Structures are given as structure tokens and as C-alpha cells.
Engineer: 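I'd like to ask you about the structure that follows.
Naming convention: chains lettered A, B, ... in sequence-line order (proteins, then strands); numbering from 1 in each chain.
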Amino acid sequence: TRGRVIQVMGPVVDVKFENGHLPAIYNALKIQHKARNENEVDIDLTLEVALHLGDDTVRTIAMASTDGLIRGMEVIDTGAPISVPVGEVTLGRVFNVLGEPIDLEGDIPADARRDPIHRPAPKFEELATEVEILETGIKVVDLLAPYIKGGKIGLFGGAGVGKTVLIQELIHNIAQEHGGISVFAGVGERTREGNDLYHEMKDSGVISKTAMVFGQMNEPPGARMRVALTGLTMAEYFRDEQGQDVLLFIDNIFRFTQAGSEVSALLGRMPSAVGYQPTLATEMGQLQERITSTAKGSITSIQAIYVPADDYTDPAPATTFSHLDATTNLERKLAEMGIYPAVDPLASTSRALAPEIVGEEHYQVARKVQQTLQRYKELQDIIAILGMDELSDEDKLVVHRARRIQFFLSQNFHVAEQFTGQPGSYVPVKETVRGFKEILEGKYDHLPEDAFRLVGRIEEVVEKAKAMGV
Amino acid sequence: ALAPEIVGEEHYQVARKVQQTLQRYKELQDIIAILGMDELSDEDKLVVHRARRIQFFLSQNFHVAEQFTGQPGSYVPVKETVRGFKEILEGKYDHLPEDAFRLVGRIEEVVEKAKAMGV
Amino acid sequence: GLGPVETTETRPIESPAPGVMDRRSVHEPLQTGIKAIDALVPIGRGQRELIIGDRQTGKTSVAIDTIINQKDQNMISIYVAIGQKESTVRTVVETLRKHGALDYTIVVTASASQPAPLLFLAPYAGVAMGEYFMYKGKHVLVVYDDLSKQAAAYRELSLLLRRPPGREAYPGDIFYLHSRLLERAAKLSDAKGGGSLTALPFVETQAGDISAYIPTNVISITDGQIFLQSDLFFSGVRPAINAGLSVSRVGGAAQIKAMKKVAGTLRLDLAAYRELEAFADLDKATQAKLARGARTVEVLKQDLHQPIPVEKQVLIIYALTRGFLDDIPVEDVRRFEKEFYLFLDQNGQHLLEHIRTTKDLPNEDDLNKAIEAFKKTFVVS
Amino acid sequence: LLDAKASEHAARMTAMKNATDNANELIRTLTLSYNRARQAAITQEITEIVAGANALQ
Ligand SMILES: [Mg+2]
């Protein structure tokens, strides 16, 4: 019926039950205690079962601080894993790991629908047999690093390159075109940046189509390693019930794995290489296999990854890099010169850039642009600098078209219209292929470079140069 | 205790300049090792020229080391050390061989040792 | 030995940090008095800026200058010393008392001879004393003399309690120990009261290796770094700040408008000088640019215990950034810096007052005029 | 002038030969130090793993 506390060693607790009444693994248990005198404090705690040790004892991990616990307290078995609310009631609100609102707009009614946090991955016979391309509406992404429905993308960048603007633009474009929602999960990051993102999303207006879950540095190891699953189960409902295409953003996947190690040794497990838990790839696989493209809808996830000390051979980045399909690199150099977004065109990679996926025309145009940019990068540095400038023919034209193509990858976003009068554009992929091909052929070689700046389709560029006096 | 108000103002500047020239010489070791001394600017050659002399003049002959080498040993007060390094930094002794600076007490002994060396 | 302390309230050492809904974005500036910090790596109230370096460099000098420079403002300071000689703590307290800085300062100390538990619990006691003022409407600043000594004390405690070791024998939860502490510094919202708490942890490296375990653990928690180097210490750059690797993620929003307008040009030209310095016939502009860089390197350095009010700072920065120094040789630059301020001691005072009262640049023409006058009254060596 | 040009090219060739030889010797010494570091890292890592595993018992 009810268990009692045996040991309290940090974030790990031991509970003893009656014979033949042990809870299953992954269940949730509750401690609710009121002080009986001045030598006691009130307790409201949730625990998750981890191991069966034998002799009617189980070892559990706490979801909050364990200060104030007493050997002999009474524990209640809930009967099921952690359950979070799902549906339209979670749109525009902020939750914690247990599925409780941390804003001040009220509580979800107890007569709602709640889904468990742990479930198996979709089976082989109900996956997508074809690779499909996701239409974002950006120009550099849709040309040099296309995204995939149900894929995983690694976003590389930090401060001063503006990745929150890219996040908001993706949310807005996907919601407007494909009618999808977004879920943001912050896993063990700074609280200041979470507040900043919440207020930016409130200002833009993309909050009403997003659900936010936060578990950050201040929280125990147990809460940091079970918060991505709450966002995942909030997102899966829309794919499996409304048949939508959803986006899932993860603030730091690395922290997830890190949190696991912080409890592994306390559970009584021998260490593996570099002091990591023996069950590392299994945990990462059980997480990342639940986001796929089934026959109804799809979940595509953008994940930000921090590499410790820029060491890419560390077990955690090495394990998580085998699940990624594309990478998107944001560079400060392009942000200084006024290219928005600051996506690096020569360092962004994708596995969808192949003639059998996008097409022959797309592939040829993209490869021509890439080699032109590489030629510019090689030539402009060792030559034309240090007083070795020269004006060879076919080198005037190469830099002419390269400069006219580098500035056409910039775009005007809808979320940036609050600081700038331009409404913003959504450019399909055929249009940008046509525009880049036309620029490559030299048809638009008789215009100044200022016309190719913060513009959508190629034709609009002409109108710009019409009003510039040229 | 290496502060301007504790040891003085001349001492502090002399020590800082000596350390700066030694650090600059330390920065140029790899390129001297691979390329050589012929691919340097005039200021860099001057820096090396003074740095070798300073590094050799930081050595001394001790009383307790007499049984090893033979020299009686030396004792130098502070003001003499500051004066000698100030003169070295001014290019006053830039023409003497670099070997005359090793294992001496003061700078007058440097002059005498250079004189006995045939220069 | 000055008698007991007459207090009435107590606070728990272990408390939870403010949530996402309780905070506000950082906008107010924290003035340190060092031109390099106030210009290239600004620090705002409610931020956590890490100072990382080596034993040779004077981190404690930076901390003591920052604490002294808070005399006019309304801010309480707390100095926490972990694993230090008691003699050095007494010298620091004497330096503080001489400058009249003990009207608003609390010192918490745990010397090297004390048992490890006190060294492990000192920072939490300091931040708990700060949170009493934070949750009333006041602004606090907290300095941690060294966190790499708290880490060693914690490791010793855990090993003696027979808990499994990890990397370099450190316990498993060595990131939690510091993140749980440094997340208690916040800028509260208007409903909470409007108070704040700033934190300045110190970290020491061995041979200048910042890829180590604890430096990387604490680098990924704070909002920027202030990296001090030793090869720049002996090259004459006495503040020794490596502006190539120092950063401030709040930067820009923690400045006044006058400094926002001027600091970007300094960042740009110093970055260009250091980027094109490595390969240094040469192009006619190139040498000029190099000279500009040198002038900047000469104008950033300053002595010890010489705080400069922000007005004067922006002034000289402007006087540099538009090339007005190009007519004066590099070895004389510092002398210019000495003579400009005193020139404003009796001239252009209104200018200063305006900069103090509207936090914006005054009528540019007038500034130029004054500069010209001063130049007329300057003798080139 | 023609004699001077021949002399110039000969001198450049010889200087490049000496530079290459010096670089090779530096590579050799660096490789020695690298092997020392490699062995030390392996030893320390295995010692930490076994020390951690012995703590449970
Ligand atoms: Mg110190």
C-alpha cells in the first residue's frame, strides 16, 4: 500500500514497500508531509522509480531538493509514470518538468487528458519510405542545406549571431504555411536567456502557436534529464491526433546526457570511459528515435549542441552526432557585414544535397554557387591583399558575380518588421533556384550590388534598382 | 614588494624594461631556430643583441661555489645593480663581446674582463 | 574582536533561485573604473562575469578597484575569501578601511588552516547574506576570491565520505555545485521589488590552460569572461586583458548611450590591428592603420588604484577614435591622457555635467573645438 | 648584373635547404614529446577508471 523511506543520500532515495506490492519501474511516487512540531518542515516531493534492489526495496531519483527528509516518512504509489497535459490547452503557456504552469494565468482543470512520459518508438512498418524535403522559406537553407521532414538538424552558434531570430522566423513561417505548431524545450541552460526568449516571443506574437518547457541549471539532476521527454510527449499528440507537421527546439541536448552521468555513480554503476554512464547510447537512442515522420504527420527537431572545450571526440558529442542529418553554422563575419541571416554558406552541410533527392537542376545550381564562393574565398585573400592586386579578365567577372550572389542570400524576415518597415517575404524553392541561375548566367550583371539586399524574389530586385537611380 | 612606493621609481622602471626585453627575445626563439637571424628587422636584431647581454649579466660567482670553479665570489648592493642594468639598457656596452658578461659581480669587472680579453 | 553582532533574522544556506517569471532583462550599468572593462567588456547590474587567469596577474586588484569605485552609487558589497592567507585578508581589509569602503562592505573569510567544510560552505553564506538585501529593493555585489579552492575542499570532503570518484577524482556533481550557486544572482522584476545581485567569481589556471575541467565547467555558466594573460603582462599591457578572447553576452545593453556610440569603433579598429598584426613592402594605408592600433594599445592601459569617471573615459575615447591622436607620437600618448583630464578640470565643465545628466554625447562641434584648444596647448616630445 | 642574378638564385636555394633541414629536426623532437604525452594520458585514464570501479566494493 504505502512505503517508507530508508536512505537519503543526495538526490537518490530508497523506499521499502510491503510484500507483493512493489511499483513498476518508471512509476511516480509522492511525499506530502506537514510538520508535526517546530522540529520539522513541510514536504511536497515527487520521485521516479529507477531500480528494484530486492527485499521489497526500490531505489528512486528525486525531482526536486531533498532537504528536510526524515527516515520513516510515508510514500504513496501513484500507479503510472509522470503524466502531462496535452492538447490545445498547452498553447501559449509555460510548464515545468511535472507539467504544471509556471506563469500566473491559472491551472489546468483536473478533468483533462494527460499522457505518460515513457513509451516505445514507432515501428518499422509504419515509417516513411521516401525522403521528403521540408519547405522553410529561407533562401540559403533551401539551396545549400535543405531540411528533411522527420530529420534532426544541429545548429551551431552563440551570442552576437542572432539564433533566436532564426528560431522565431522558422516558427512563424511553418505555422503560416503548413499549419503547424512548435514546442521549445530548455534543458539545463541559463534562466536569463529563457526570460529573454519568452519576452521576445511575446513581442513578436508567435507565442500563441508555441508551447514552452523549462528545466534549467538551478534544478536537480533528475529534473534536467526528464524535461526533454515532456516536450516530446507534448509534441507527439499533434502528430498522432491532428496529423500536423511539428517543430521541436532543444536548447542544449548535451546537458541531457550530462545529467544522467551525475546520478549514474549514485545508483551503483561502474563507470565507463571519461567518467560517463555505461548506458549512454541506449539513452540517447531511446530519446532520439521518438521523433520521426510516420504516415500521419512528422516531428522535425532543431537542436543546439555545445561541445566541451571544442573537443569533438568527447563521448557525448560523438554519440549525438550520429543522429544528425544537417548542420547550420552562424558566423559573426557575415553578421558584421550586414548579411541576415548569418548562415555560413561554405560550412553548412546537409545529406539531402543530392541529385536523387532535390533534382539535377537544383544540384547543379547549388554546386556552381558553392565553387564560385570557394574561388572568391581563395582568391580575395592571398591575392588583392598585401599590395598584390591585379585585374585579370574572368577574375573581374568572377568576383563581380560572387559579390552579387553573396548579397542575394540575405533576406527580410517578418519578425524583424517591428524594427523596420519591410513586411517580409516567403520565397519558395523553385523561385530561388531560378534567381540564382539567372544571376549565375550573368543576365543581371548590369546592376549595382545594393539592389541585392534584404529582398525576396529576384524580380523584386530589379524594382529596387529601378528606384536607386540605376 | 616590487612596487613603485616600496623599492623606488628608478628600480621599478629598470626591472620592467629588463623583463620586457627578455619577453620580446623569448617570443622570437622559434623563428630564429627555423629561419635564422638574417630575416629580422633592425629593431629585432637590436633586441636580441641587448637580450643576450642581459641574460648573461644576470649570472654571478658565489662564495660557496669557489671550491668548484676558483673565483673568490662577489657581493653587489642594490644601487650598483640598478646602475649597471641601466647602463646596459642604454647601449653603453654594446661593442664588447657577449662572453665578457658571464660570472662577474659588477660592470666594472665586465670592463676589466673585456680588457684582458684583447678588446 | 570588536564584540558580538546584533542581528535578529536568519536565512537558510540552501534556497532556490528566482524563476523565469520573476526576472527582468539587464539594462543598468555597473561602473568599475577600468577603461578596458568599461569599454570592451561592459558589466551590468544582475550579471555574472567570470574573471579567469593565473596567479601572477592581479585579479584581486581588479576586485578591490571595483569595490572602491562604488562609493557614489548605492550598492552594498560582500567580499568572500576562500582558502587564503590570513595576512593577505588583513592587508585587503586594511586597504578597504583606508579608502573609507567599510561603510558598505561585509567580509566573509575561511583561511587555509580551517577545516574543509567551512571552505565549502563560505560562498553560500555570502550569497545568503546578499539575498537579504536583494529581496528588499537594494543592489548587492558579491566577489568570490577563488572557486577552485571550494572545488578542492568539496572533493576532499566527498572522498573522505567514501563517495565514488570521477574525472581527476572530482565527485560526479561538480557542475551542480557551482551552477546552483551562481544561478542565485538575478535582476528581479517590478512585482518582486526591483533589486538585484551581481557576482564576480574568480578562477585560476595552471600555465594558462583554459581547456581544463573546472575552468570549462565555470565558463559555461557565466555571462562572459575577462581573460588575463601573462605574456601580455610582461609586454607592457598591465591590465593584461586579452580582448581577443574576453566577451560579454549582455554587452551593449549595459552601457550608456554615449559609450554605446563610441565603443564599437574601438572594438573594430583594435580587432583589425590585432588581426593584421601577425603578418607584419607594405601598403600606404596599412602602416597608418598599424599606428592607430598601437595608439589604442597605449590608451587602454592604466595604473593601479586610479579610477576614471565614465564621462572622462568616453571623452578620451572619442578624442582617440577620430584620429585626433595621429599627430602625437606613441611614446607621448599616455602623457596626453594625463594632460587632457586636468584640462577639463577648469575648462568644458558644462560638457562633463551634460554627459553626467543626460548620459548622451554633447554638441560634437564644441568637443572638437575644445580638443583643438588643448592641442594648441600641448608640447610634442 | 647577370653574375649578380645567378648569385641571388644560388643563395636563395641554399637558404631554403637549410630551413627545411631545421624544420625536420624540430618535427623529430616534437614527435618524441608527443609519444610521451600519449603514454601518460593512457595510464592516467585507466587508473581513474579502475579507482572508480573499486569504490563500490
Ligand atoms: Mg588573487
Side-chain angles (χ1 to χ4, degrees), chain A residues 23-30 46-50 60-61 63-64 76-103 105-123 126-127 150 152 175 179-187 208-215 219 222-251 253 256 259 283-301 303:
Chain A
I25 285 165
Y26 289 149
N27 264 29
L29 326 163
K30 295 258 181 307
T46 292
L47 310 144
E48 190 182 71
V49 185
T60 68
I61 306 203
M63 294 289 135
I76 296 148
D77 181 11
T78 279
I82 306 185
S83 297
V84 303
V86 290
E88 218 88 25
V89 286
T90 75
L91 280 175
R93 321 216 36 188
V94 197
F95 301 87
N96 69 334
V97 57
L98 299 195
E100 287 154 4
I102 57 179
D103 52 16
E105 308 191 18
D107 305 344
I108 319 282
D111 189 332
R113 188 186 147 165
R114 279 170 180 84
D115 267 15
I117 292 288
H118 293 285
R119 54 154 268 172
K123 267 145 54 141
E126 30 169 319
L127 292 184
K152 291 118 185 149
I181 74 150
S182 303
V183 179
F184 186 85
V187 187
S208 43
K209 286 163 299 288
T210 316
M212 305 183 82
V213 193
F214 283 119
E219 309 221 354
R224 284 188 257 122
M225 74 175 300
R226 294 255 174 283
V227 67
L229 302 187
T230 300
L232 190 31
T233 174
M234 257 162 214
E236 275 158 8
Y237 166 88
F238 285 90
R239 160 186 94 195
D240 299 331
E241 303 281 322
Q242 325 275 331
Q244 305 188 352
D245 288 34
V246 197
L247 296 155
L248 174 75
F249 302 83
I250 291 173
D251 211 343
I253 197 71
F256 167 69
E283 286 175 6
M284 182 66 90
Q286 271 174 8
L287 173 91
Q288 303 248 19
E289 282 313 306
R290 269 162 85 187
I291 65 201
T292 41
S293 68
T294 51
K296 40 230 172 203
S298 60
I299 304 173
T300 167
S301 95
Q303 296 153 175

Engineer: Listed by chain and number, what are the side chain to side chain contact (heavy atoms under 4.5 Å, CB included) partners of A:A24, not counting sequence neighbours?
Structural biologist: A:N27
Engineer: Restricting to side chain to side chain contact (heavy atoms under 4.5 Å, CB included), what partner residues turn up for A:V183, sequence neighbours left out?
Structural biologist: A:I181, A:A211, A:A235, A:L248
Engineer: Tell me, do A:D115 and A:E236 make a side-chain contact under 4.5 Å, heavy atoms counted?
Structural biologist: no
Engineer: What pairs with A:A223 under side chain to side chain contact (heavy atoms under 4.5 Å, CB included), at least two apart in sequence or on another chain?
Structural biologist: A:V97, A:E219
Engineer: Is there side-chain contact between A:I299 and A:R290, with at least one heavy-atom pair below 4.5 Å?
Structural biologist: no
Engineer: Can you check whether A:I253 reaches A:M284 side chain to side chain, under 4.5 Å on heavy atoms?
Structural biologist: yes
Engineer: Tell me, please, which residues at least two apart from A:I61 pass side chain to side chain contact (heavy atoms under 4.5 Å, CB included).
Structural biologist: A:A50, A:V263, A:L267
Engineer: Locate the shortest heavy-atom distance separating A:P122 from A:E289; write the atom from each residue and the value.
Structural biologist: CD-O, 3.8 Å
Engineer: So A:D251 and A:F184, do their side chains get closer than 4.5 Å, heavy atoms only?
Structural biologist: yes
Engineer: Can you name the closest pair of heavy atoms from A:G215 and A:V227 and give their distance?
Structural biologist: N-CG2, 3.9 Å
Engineer: With sequence neighbours excluded, give me every side chain to side chain donor-acceptor pair (under 3.5 Å) pair touching residues 86-102 of chain A.
Structural biologist: A:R93-A:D103
Engineer: Under the side-chain hydrogen bond (donor to acceptor under 3.5 Å, both in side chains) test, which residues partner A:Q303, sequence neighbours left out?
Structural biologist: A:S301
